[PDB]
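One chain comes next, on its own, written out as structure tokens in the form deposited in one PDB entry.
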């Protein structure tokens, strides 16, 4: 028996990110060695960071890291993993038997399907779909996992047996970035009609991106607001 889930989760597992890190790093360029010591307050912090954001001076946002634990279907992990300045370590289906958790969209998700990303007329759907999707998914997931279990039972290599598993199978990974890589990622992986360049990601990676953005907002409140302020363009 399989488990169907529709939750996509991100947990902040570790970090070293602050708005002060950014101020210090940027100060060294005009201040020299005073940089590491100086008297910088609430209003000077806002001012400097907004300025770096508006000028796209991005390197001072690199002196940090945030590490997330992500649990998501493989098709969404494929989206996250396209971001080449991040580091990733993922559960391996060559090394382990895969758990029978599979992703299905929730009812309320399906009313926001993008038939051809970037085109307005292709957004829509309604919730007779959800039952049809649940019904199709259940049949395909069951068979795949049963054939999966069957080959493992004959002693077929796990890396071969998994060929039958759907891209909706859940995976778990660690994902580490600095703030600049995170802002570049948010620019592409959130849909924000406010933004200078509006992106059209699938909703499931956007779910990942929003949770990450919430955790990041707490660590770097001033950077986060400035990022939104300047049109969600990565410095």
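Positions refer to the first chain, counted from 1. Between two forms, the rigid core is defined as the largest C-alpha subset superposing within 1.5 Å.
As for the form deposited in another entry, it is not shown, yet the points below apply to it.
> Which one of 151, 101, 137, 110 is the only residue whose C-alpha moves by 2 Å or more between this form and the one not shown, after superposing on the core?
Shifted by 2 Å or more: 110 only.
> Superposing on the rigid core, does the Cα of residue 84 end up 2 Å or more away between this form and the one not shown?
No, shifts by less than 2 Å.
> Using the rigid core as the reference frame, would you say residue 123 shifts its C-alpha by 2 Å or more between this form and the one not shown?
Comparing the forms between this form and the one not shown, which are aligned on their rigid core, residue 123 does shift its C-alpha by 2 Å or more.
> Report the direction of the Cα distance change between residue 112 and residue 193 in the other form, compared with the displayed form, as closer or farther; the change is 3 Å or more.
Farther apart in the other form, by 3 Å or more.
> Given a change of 3 Å or more, say if the Cα atoms of residue 115 and residue 170 sit closer or farther in the other form than in this form.
Farther, not closer.
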